[PDB]
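1. model this:
(8 chains, ligands or ions: 2)
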Amino acid sequence: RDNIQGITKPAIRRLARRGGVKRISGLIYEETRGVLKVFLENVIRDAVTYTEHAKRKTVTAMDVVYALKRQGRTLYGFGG
Amino acid sequence: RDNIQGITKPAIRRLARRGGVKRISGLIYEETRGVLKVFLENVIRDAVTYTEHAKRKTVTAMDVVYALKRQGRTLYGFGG
Amino acid sequence: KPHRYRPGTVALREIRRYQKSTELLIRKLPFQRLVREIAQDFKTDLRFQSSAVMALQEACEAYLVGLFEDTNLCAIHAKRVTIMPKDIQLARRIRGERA
Amino acid sequence: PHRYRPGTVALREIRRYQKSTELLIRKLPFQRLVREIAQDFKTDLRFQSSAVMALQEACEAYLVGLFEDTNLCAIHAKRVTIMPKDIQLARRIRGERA
Amino acid sequence: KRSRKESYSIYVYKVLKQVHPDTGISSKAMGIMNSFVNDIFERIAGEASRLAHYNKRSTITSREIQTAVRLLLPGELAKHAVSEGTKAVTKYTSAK
Amino acid sequence: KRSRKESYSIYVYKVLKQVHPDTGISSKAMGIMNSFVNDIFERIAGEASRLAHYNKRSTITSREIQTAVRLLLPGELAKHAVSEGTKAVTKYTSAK
Amino acid sequence: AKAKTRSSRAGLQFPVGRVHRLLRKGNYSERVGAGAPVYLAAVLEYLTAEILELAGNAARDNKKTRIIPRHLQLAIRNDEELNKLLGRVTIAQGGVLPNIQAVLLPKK
Amino acid sequence: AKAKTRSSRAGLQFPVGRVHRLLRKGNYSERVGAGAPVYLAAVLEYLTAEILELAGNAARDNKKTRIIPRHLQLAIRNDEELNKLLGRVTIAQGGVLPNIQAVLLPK
Ligand SMILES: [Cl-]
Ligand SMILES: [Cl-]
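-> Residues are numbered from 1 along each chain as shown, chains lettered A, B, ... in the order given. Ligands and ions are numbered 1, 2, ... in the order given. The protein structure is shown below:
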């Protein structure tokens, strides 16, 4: 469907909050959904390449880790 | 024991000019010299370390390169 | 009158709340549905280790939050308190994420 | 008595230097500064002429790019002059300080 | 009798005279091209290397080199690069 | 039963009990410690290797690991890591 | 006949053996010196403690026995050097340092 | 024995030999496929051509036949992808693309 809109206005708020933002423009929610999209896009691609090269049909925690590490964005706690 | 001050107001201006800056606070030149210091310091540290590990009393262009690369500040045309 | 807090007070309580906690701030399923969507653009009928979805949710939120942080500083830099697209935009331009 | 208004020679100097590629720092001052800074880390060190210029390239590149990032931070705050606080913002966002 | 430093400068010059037969190149610019080669050499050899490691493989094949290129290179450059890649390998296994 | 995934978690426990004998560690965090080790393994091994190659050595010595650590770790952290590293080497050599 | 584990010969809890293997099978080099793994397991142990120290504290401060990721996050982010080292590292269930920018706080 | 270079079986300039040797000597793996150094020397060639194409064009406009650094710079920063590729890459004697933010222009 169109699941990007499942990233609720309240959700993006909660995230701005943990980031230490007091006040939020209306325009932000769609810019945010905007950027999140490009993040998950660039990351999932490189993940699935790692899935594909491994000749699997199931994306493993490592695929995403290998991906995040690649993209500049290393993650601790899912292995590797 | 203060060559930093050799990096002349009119020179820092020439760099800012190529960088598309039109107007320059006085408080700037020092802050600049400041940043340059950290940047040179940072790189040469890692440079000389390359020099020391190769038991040489001469720092080589490649030392400077392996360093710039380490710092993610990768440089072309000196033996990359 | 019925009792009421003043614009920006609840926000600040909400900052303290969410900077104290670690729990993920996006709804699990909606995010999952989003992931599997953006996966169909690269291969169909894929599957995902439960753990691979979370590893992304932790990767996404962590990311956004740090953007908001760099954003909120570009708002404050323009004598504001309100984050606006042009603030994010400046972050990403300087971060070197766009041109 | 040909005089131009605060910012018109700037706009020219920008166009002159954006077009060329020569190094803008005088080279001796620069060379010395390096050795000054090398002392800190080891005494009686010698430098390949090319190693120096490689550092001058990197540095002049670094700064010019900062200035492009600084300059936007300035404009972001509805200004046209760059001020320490502009740089400070840039580097903080770039990930050069906390 | 000095060192014996290998460059790529003579493969740049060939390719250069395949794509702009009338035009030349300054040493400075050959320097740059040389670095360029080494830089993308390492990036692909590297990303291939991991590919291998992550799947428990002792061998880097063309297949690794491909996936590497796919990961490292942008949309269009990657498509074309995969093809000159896949083109060149076939032309090789045929030739002899 | 099942295949055998290695870790570092037992060596983290031992070091935790040496450092805070009255303290546990959640799975999720023990993961994060594992990741950490692994990350800083690959980083020191990597730069070690680069150092060897750059200088035409086929052998990664303690001397490389040391210089790796001096390049990767910041001032104070480096000093100590250099110290805890040298100490360990001396005490191993002298044992035979 | 009696085989003392190298880790013991270095007084390291980190497995100098498994480090030596991982290196040779890592494709880092053709040849690994025999001090190298020692030196590395050493440095690894050390930074493992350095974090487990400051975290181990963060846990007490919260009146918690077992260390959770967030203690690690508190530990790493507050110590200046560890934070520089894990500049580009994201820590699962780690949250952020409590920090509210001054100008946002109310006017007393 | 017949003389023929591998490069000249793949129909490449970029030396399939040197590459394969550089791969084994570089400590990337234990084992290297015969197809890799081809596929890699292929890809290295192709990118060398894309850059040298665009740059050659930049050297005309400047009225020049020899490429200088500046042409490469002009070539690369002007192409969206090449720029994406050489983001964190300084090009000595490159200079910057001409660019002046609107607000800094006079009415
Ligand atoms: Cl050794
Ligand atoms: Cl092959």
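
2. ok, now how distant is the most centrally placed residue in chain G from ligand 2?
-> What sits nearest the mean C-alpha location of chain G, by C-alpha atoms, centre = their mean, is residue G:48, with 3.5 Å. According to C-beta to the ion, to the nearest Å, residue G:48 stands 40 Å off from ligand 2. For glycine as for every other residue, the C-beta is placed from the backbone atoms N, C-alpha and C.

3. that residue touches residue F:33, doesn't it?
-> Yes: between residue G:48 and residue F:33 there is a contact at 6.8 Å, judged by C-beta atoms under 8 Å.

4. any shared contact partners between these two?
-> Common neighbours of residue G:48 and residue F:33, counting by C-beta atoms under 8 Å, 6 or more residues apart in numbering or on different chains, are F:8, F:12.

5. which bits of chain C sit near chain H?
-> Contacts of chain C with chain H, taken as C-beta under 8 Å from any C-beta of the partner chain, map to C:96, C:99.

6. the strands in chain C, which residues?
-> C:47-48, C:82-83 (DSSP state E).

7. can the last one be found next to chain D?
-> No: interface with chain D: strand C:82-83 contributes nothing (C-beta under 8 Å from any C-beta), its closest point being 12.6 Å away.

8. ditto for stretch G:80-98
-> Yes: shown here: stretch G:80-98 in contact with chain D (C-beta under 8 Å from any C-beta) through G:80, G:83, G:87.

9. end-to-end on that stretch?
-> 16 Å (C-alpha to C-alpha, to the nearest Å).

10. now it: buried residues?
-> Applying a neighbour-count criterion of 16 or more other C-beta atoms under 10 Å in any protein chain shown, one finds G:82, G:83, G:85, G:86, G:89, G:90, G:91, G:92, G:93, G:94, G:95, G:96 buried in stretch G:80-98.

11. between which two of those residues is the distance greatest?
-> G:85 and G:93 (20.2 Å; C-beta to C-beta).

12. list phi and psi for the closest residue to residue G:24 other than its chain neighbours.
-> Leaving aside its chain neighbours, residue G:24 sits nearest to residue G:32 (5.5 Å; criterion: C-beta to C-beta, 6 or more residues apart in numbering or on different chains). Torsion angles at residue G:32 (phi, psi; degrees, to the nearest 10) stand at phi -100, psi 110.

13. how about chain A: which residue is closest to chain B?
-> residue A:72 (9.6 Å; C-beta to the nearest C-beta).

14. Three-state assignment for the closest residue to ligand 2 within chain G, please.
-> Ligand 2 sits closest to residue G:27 of chain G, with a gap of 17.0 Å, by C-beta to the ion. Three-state call for residue G:27 (DSSP: H, G, I helix; E, B strand; the rest coil): coil.

15. quickly check: the helix or strand hosting residue E:49 near chain B or not.
-> Here residue E:49, judged by DSSP states H and E, is contained in helix E:27-55. Yes: with C-beta under 8 Å from any C-beta as the criterion, chain B is reached by helix E:27-55 at E:28, E:29, E:31, E:32, E:34, E:35, E:36, E:38, E:39.

16. could you give the angle of that helix to helix H:16-25?
-> Helix E:27-55 and helix H:16-25 are oriented at 50 degrees to each other (axes from the mean of the first three to the mean of the last three C-alpha atoms, to 10 degrees).

17. can you tell if helix E:27-55 touches chain D?
-> No: shown here: helix E:27-55 not in contact with chain D (C-beta under 8 Å from any C-beta), separated by at least 9.9 Å.
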